[PDB]
Amino acid sequence: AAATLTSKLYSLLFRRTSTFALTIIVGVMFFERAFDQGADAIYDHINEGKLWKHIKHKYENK
Amino acid sequence: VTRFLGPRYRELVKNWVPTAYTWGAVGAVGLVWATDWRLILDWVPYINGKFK
Amino acid sequence: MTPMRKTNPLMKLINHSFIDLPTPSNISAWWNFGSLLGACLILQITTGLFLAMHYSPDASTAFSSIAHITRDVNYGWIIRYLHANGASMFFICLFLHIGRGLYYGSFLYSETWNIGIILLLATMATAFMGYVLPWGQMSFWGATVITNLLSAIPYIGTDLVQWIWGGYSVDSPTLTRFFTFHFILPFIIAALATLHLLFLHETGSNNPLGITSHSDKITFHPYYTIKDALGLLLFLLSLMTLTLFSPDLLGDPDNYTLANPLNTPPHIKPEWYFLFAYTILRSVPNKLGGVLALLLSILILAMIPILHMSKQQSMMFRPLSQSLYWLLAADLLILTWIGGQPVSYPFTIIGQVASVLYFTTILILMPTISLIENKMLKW
Amino acid sequence: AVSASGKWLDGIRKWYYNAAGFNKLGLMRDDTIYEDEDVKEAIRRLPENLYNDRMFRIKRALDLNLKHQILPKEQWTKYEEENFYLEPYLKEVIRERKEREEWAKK
Amino acid sequence: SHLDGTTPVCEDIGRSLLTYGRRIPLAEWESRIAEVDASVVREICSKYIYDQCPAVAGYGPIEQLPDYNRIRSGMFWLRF
Ligand SMILES: COC1=C(OC)C(=O)C(C/C=C(/C)CC/C=C(\C)CC/C=C(\C)CC/C=C(\C)CC/C=C(/C)CC/C=C(\C)CC/C=C(\C)CC/C=C(/C)CC/C=C(\C)CCC=C(C)C)=C(C)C1=O
Ligand SMILES: COC1=C(OC)C(=O)C(C/C=C(\C)CC/C=C(/C)CC/C=C(\C)CC/C=C(\C)CC/C=C(/C)CC/C=C(\C)CC/C=C(/C)CC/C=C(\C)CC/C=C(\C)CCC=C(C)C)=C(C)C1=O
Ligand SMILES: COC1=C(OC)C(=O)C(C/C=C(\C)CC/C=C(/C)CC/C=C(\C)CC/C=C(\C)CC/C=C(\C)CC/C=C(\C)CC/C=C(\C)CC/C=C(\C)CC/C=C(\C)CCC=C(C)C)=C(C)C1=O
Ligand SMILES: CCCCCCCCCCCCCCCCC[C@@H](O)O[C@H](CO[C@H](O)CCCCCCCCCCCCCCC)COP(=O)(O)OCC[N+](C)(C)C
Ligand code: HEM
Ligand code: HEM
């Protein structure tokens, strides 16, 4: 229960809605990058060795 | 227009200036994010990785 | 200075219609399918609009254009499947919309209930003509059968079927003509949807109990905007699951073959949302009689308010009426299942029994049981 | 069928009263009736105390249905305690309407 | 103007001695008031008024009184 952490977040970035919107924009930018990278890694893991990315090395520059 | 002048209308602008800057910043970042503008984005420490 | 939303002309309508109209506090999730329908309508327009930017309504290039959209056009496949699957979701919401009215007595709002019937008929027309646009094997023959079934009209039928065809067969002129109707009709439906709300707004929405809720009304915005937003999220969940995992389960294969005029497929069937009617006409032995049955049926929905004879609006406190309602729902399920099966002795008799059971339930059984229930309570 | 089936007939009537759950919300039978023009006129004639009690019961029933709850068994309505307070007013209103129609057809 | 008269003066003495432990003189009151500025008022009002949960009481025909959620949403500005 990081009550102090939530208190700091509110007092600095939520009391005014202008700051509230700005945090949202930066958060989504970072979130999409992390979400996309993690999801693609999971997809590649489940399908290891079948995607063309995993076999192109056997023909590219070859 | 002449009525808009006066000591207080200047004060009202001063109070709202911080809010105007923040809203302008919100719009600028939103535009860059929506458009995936590589020119500015290439100087972002982590987001730049997306670009290959 | 008073709020501007109560002075600007455009803002008065928005405030009345959305922000501040009183609503019952206790309306359940069943009252959330009306807003979804419009949302689906909106979704069906935009997707279709983009598809219209690439579709070619001609007997020869129609099939080719669909293949081009699915493969070469960027994100064409997803747009097509959203359009196709959104149609089915629209009808599912539509049936649930109608079902709620029958159970909770909303039909008592005659003016609003009658407008609804028109919206349903228009919706079906839009969906039927849209299914011809792909111009597959099933589309060609589906239109052929559902159109040749106007030659039974006493004396004008044959004259009014060739006129619809634009010729002595079903060819490109039919395709282009249906394309224009498909485009235009949904916008008329949108306008009619505003008459539906308008006539509703002058009386107010109903509640599950069936008692007037003037004592406990609530402003629509905060509570129900978030509630309808939650419903929209769930609706999107269902739609995306259908499209992104199993897009073609609800469609019928053999529609992916070029339409062959001189090749009748062994098993012609309408779409899942139209099957219930197909079995009601395939059972009647007379061709004209089958058309009279398919029509007399749809219209009993308009007659429901007359047949109502209970002294309570809501069937919540009517346990016997509930049993009949679920029995009638089961009958519709049987009709749907029979629609998809070939002609044969067992299915035919089952379909015949279901049809008569469907009608007699609505006409005799429901009024009689309501009278008995009234007698029981000593009204 | 006197004193041999009237008690049996009352039994089935009580069964249906329990099947209908409006007692579980504290609602009386009369409160449940559909409000048509005749019912609205009848309600207008009610004395203030009866009208106020009816309003509160409806409000409480709506509140309970909002929460998806019911009253405890101790507070459910009985089939031997319910008063049919609205019957006299509805009966008179219907009679007056019928009289007007009868006079109006000749 | 309030202090005009004997009874108001006696009341102030008693209430102050039981409230502050002293009797703030007028000169002190003026000095503290002079310290007030538009910026000071903004900060203090923001400290106690902005985005705070209110307490509401209504006794009469109050069918039009907006629900708590609407009242609570009117304690801040989406433009600010
Ligand atoms: C198995 O194969 C089959 C299928 O699968 C493949 C199918 O899909 C189908 C289904 C058919 C599908 C497509 C084809 C059928 C198409 C149609 C019937 C319709 C034909 C038309 C269309 C393209 C055009 C649609 C028409 C449109 C837009 C015109 C309407 C335009 C307007 C603005 C609407 C305006 C209306 C206004 C002002 C009137 C206002 C008032 C009202 C609603 C109020 C009601 C008034 C009244 C009298 C009624 C009230 C009555 C009262 C009390 C009496 C009670 C009534 C009783 C009846 C008892 C079939 C048959 C089939 O075989
Ligand atoms: C439960 O409680 C509730 C209620 O009860 C209290 C209610 O009542 C309601 C309200 C009920 C509902 C929604 C239900 C339905 C009811 C309604 C009133 C609404 C009815 C709906 C409608 C009419 C449909 C509305 C619209 C839809 C889909 C949109 C279609 C129309 C459009 C404009 C949309 C936009 C399409 C766009 C932009 C195209 C996309 C393309 C874009 C970028 C590219 C575009 C490019 C161009 C035009 C380029 C042009 C270039 C030109 C000339 C060249 C110029 C060149 C030069 C050099 C100058 C709800 C929700 C509720 O919950
Ligand atoms: C000067 O002072 C004044 C003012 O200020 C003081 C004013 O303010 C005003 C105010 C008024 C105005 C200016 C007036 C105009 C105001 C406006 C906003 C302008 C609005 C304009 C409009 C909506 C446009 C109206 C026209 C429209 C959309 C088009 C209308 C036509 C149609 C959709 C088509 C109708 C049908 C036609 C041609 C018939 C052909 C087709 C067919 C039979 C259909 C074929 C079949 C099918 C679909 C098949 C369906 C069935 C199928 C498949 C199967 C059935 C089943 C089987 C079993 C076979 C005025 C007058 C004024 O003076
Ligand atoms: C285009 C198609 C869109 C389709 C959308 C479909 C959506 C489906 C799912 C529906 C979800 C419904 C809920 C979504 C929002 C949930 C939260 C919301 O209801 O809360 C409100 C949301 O309100 C807003 O947050 C208010 C601030 C506005 C923020 C706007 C952010 C915009 C970001 C994107 C900008 C893009 C710019 C692009 C430029 C080119 C009020 O929050 P509240 O806690 O009571 O505000 C208190 C204000 N404080 C914090 C200052 C005290
Ligand atoms: C086809 C598009 C339709 C749309 C967009 C639509 C929209 C709506 C909306 C938004 C409501 C109020 C909210 C709700 O009930 O969930 C409503 C109520 C209602 N609808 Fe529809 N409707 C449509 C079709 C129909 C149909 C086909 C019927 C057939 C009976 C119908 C009958 C009713 C009735 C009787 C009500 C009143 C509900 C009440 O009083 O509680 N509507 N409609
Ligand atoms: C309620 C509104 C609508 C409904 C219910 C509907 C329904 C349908 C259906 C069921 C199909 C068959 C698609 C398939 O089987 O693959 C279809 C096709 C199509 N519709 Fe829609 N439609 C609607 C609105 C629109 C609108 C507004 C447009 C254009 C402005 C449009 C354009 C198209 C196009 C281009 C196709 C061909 C897609 C294909 O062949 O796969 N539709 N429609």
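Numbering of ligands and ligand atoms starts at 1, following listing order. Hydrogens, waters and symmetry mates are skipped; everything else that's a heavy atom, side chains included, is used. Reminder, nothing fancy here: chain letters follow the sequence lines and each chain counts from 1.
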For C:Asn148, run the side chain to side chain contact (heavy atoms under 4.5 Å, CB included) check against C:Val145, C:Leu150, C:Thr144, C:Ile146 and tell me which one passes. C:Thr144
Do me a favour and list the nearest non-hydrogen protein atom to atom 40 (O) of ligand 5 with residue, atom name and distance? C:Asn206 OD1, 2.9 Å
Counting from 1 in the order shown, the ligand 4 atoms closer than 4.0 Å to a non-hydrogen atom of A:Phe14 are 49 (N), 50 (C), 51 (C), 52 (C)
Which atoms of ligand 3 have any heavy atom of C:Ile146 under 4.0 Å away? 57 (C), 58 (C), 59 (C)
Proximal ligand 4 atoms for A:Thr17, defined as those under 4.0 Å from one of its heavy atoms: 27 (C), 51 (C)
Counting only N and O atoms by type, is there a donor-acceptor contact under 3.5 Å from the side chain of C:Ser314 to the main-chain atoms of C:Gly210? no
Show which atoms of ligand 4 fall inside a sub-4.0 Å distance from at least one heavy-atom site of A:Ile25. 33 (C), 34 (C), 35 (C)
Ligand 4 contact on C:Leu230 by region, counting heavy-atom pairs under 4.0 Å: neither
Shortest reach to atom 45 (C) of ligand 3 by a heavy atom, considering only C:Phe181, C:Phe178, C:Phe128: C:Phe181
Under 4.0 Å to a heavy atom of C:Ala229 - the qualifying atoms of ligand 4, by number: 12 (C)
E:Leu78: numbered ligand 4 atoms lying under 4.0 Å from its heavy atoms: 26 (C)
Spatial distance of atom CZ (C:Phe359) from atom OG1 (C:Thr361) [nearest 0.5 Å]: 10.5 Å
By number and element, which atoms of ligand 3 are closer than 4.0 Å to a non-hydrogen atom of C:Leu150? 59 (C)
Examine ligand 3 and decide if any of its atoms is less than 4.0 Å from a heavy atom belonging to C:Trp163. yes
Shortest protein contact, atom 16 (O) of ligand 5 (heavy atom only): C:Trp31 O, 2.7 Å
Can you classify the ring geometry of C:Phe179 versus C:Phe183 as parallel (below 30°), tilted (30 to 60°) or perpendicular (above 60°)? perpendicular
Is it the side chain, the backbone, both or neither of C:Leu200 that has a heavy atom closer than 4.0 Å to ligand 5? side chain
Checking heavy atoms under 4.0 Å, the part of C:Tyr109 that sits near ligand 5 is side chain
Determine whether the side chain, the backbone, both or neither of C:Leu94 has a heavy atom under 4.0 Å from any heavy atom of ligand 5. side chain
Under 6.0 Å between ring centres: does that hold for C:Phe18 and C:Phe220? no
Heavy atoms only: which of C:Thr46, C:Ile226, A:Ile24, C:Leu234 lies closest to atom 13 (C) of ligand 4? C:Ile226
Where does C:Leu41 meet ligand 5, judged by heavy-atom distances below 4.0 Å: at the side chain, the backbone, both, or neither? neither
